[PDB]
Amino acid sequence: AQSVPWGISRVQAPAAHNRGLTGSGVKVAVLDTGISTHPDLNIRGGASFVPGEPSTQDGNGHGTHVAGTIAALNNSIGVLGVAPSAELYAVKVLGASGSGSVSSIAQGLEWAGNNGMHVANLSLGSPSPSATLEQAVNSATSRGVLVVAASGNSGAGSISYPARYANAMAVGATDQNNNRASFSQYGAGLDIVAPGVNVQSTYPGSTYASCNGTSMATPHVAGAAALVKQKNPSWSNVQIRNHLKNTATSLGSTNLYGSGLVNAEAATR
């Protein structure tokens, strides 16, 4: 039996699916701890930039969880992603510890721009800027990648890098009441929000687990971007980002929420 995590319903992905929009033909890179083989995921390819972890399999869990929110398969098992037919790529930039470097992350972004990715999900960040990372965000953007990044979990009224950069789409987290999750960073540069509390997704060991974080919000938006791209194949990264923002539901505060709650039904109408 398959069940639909609450956040998938909250972003109105099933309405898009009913219109035949699933993310088919859209390439989405998950720049994370890897993605493990799982019966509810279809991993097309990828690369590792973590020395000593030459495989793209996930030794942490976080990247597999993020991947399932984007693209868990629509079938009779497990869960269901926002964009269940997205073409998923495992771009390992963080090790099994959950840590990486700005160089590794930059290499993953360069890979995304050299391999035709439409969307890159970066459920990662840090309070400090990085020239290395910024250059790579800008380069990937110039190659047509929509970079979607988590605002961070410190609870502060400023957001992490790379989400803070103009060429990243910064995603904060909401709860079941459509309030900002207490940990979700907000403020200048925040673009949009999505569910990030009690998010069930795929997890290594061929199982499922629930997590909290702006890391869980981000892939809802990455998946929504893939739905928009399937509907509008000619559109650029900027056009997709703008349309997601323009069709988001206001949550009553730009400071806190950016454009508001992503809405895949309104974005694919």
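In this text, residue numbers run from 1 along the sequence as written.
Q: Could you check the entry and say whether 93-101 or 144-152 has the higher mean CA B-factor?
A: Of 144-152 and 93-101, the stretch with the higher C-alpha B-factor average is 93-101.
Q: Look up the CA B-factors in the entry and say which stretch, 209-217 or 47-55, has the higher mean.
A: Result: 47-55.
Q: Can you tell me which of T33, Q200, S36, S236 has the maximum CA B-factor listed in the PDB entry?
A: The C-alpha B-factor peaks, among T33, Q200, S36, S236, at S236.
Q: Select one of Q176, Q135, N74, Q185: the residue whose C-alpha shows the highest B-factor in the crystal structure entry.
A: In the PDB entry, the greatest C-alpha B-factor among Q176, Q135, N74, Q185 is found at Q135.
Q: Which third of the chain holds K231 when residues are ordered by C-alpha B factor: lowest, middle or highest?
A: As the PDB entry reports it, the C-alpha B-factor of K231 lands in the highest third of its chain.
Q: Ranking every modelled residue in this chain by its Cα temperature factor as given in the entry, which third contains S126?
A: For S126, whose C-alpha B-factor we compare with every modelled residue in the chain, the answer is the highest third.
Q: Looking at the entry's B-factor column for C-alpha atoms only, identify whether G157 ranks in the lowest, middle or highest third of its chain.
A: Ranked within chain, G157 CA B lands in the highest tercile.
Q: Using the temperature factors of the C-alpha atoms in this entry, rank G81 within its chain: lowest, middle or highest third.
A: Lowest third.
Q: Relative to the other modelled residues in the chain, which third contains the C-alpha temperature factor of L251: lowest, middle or highest?
A: CA B-factor rank for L251: middle third.
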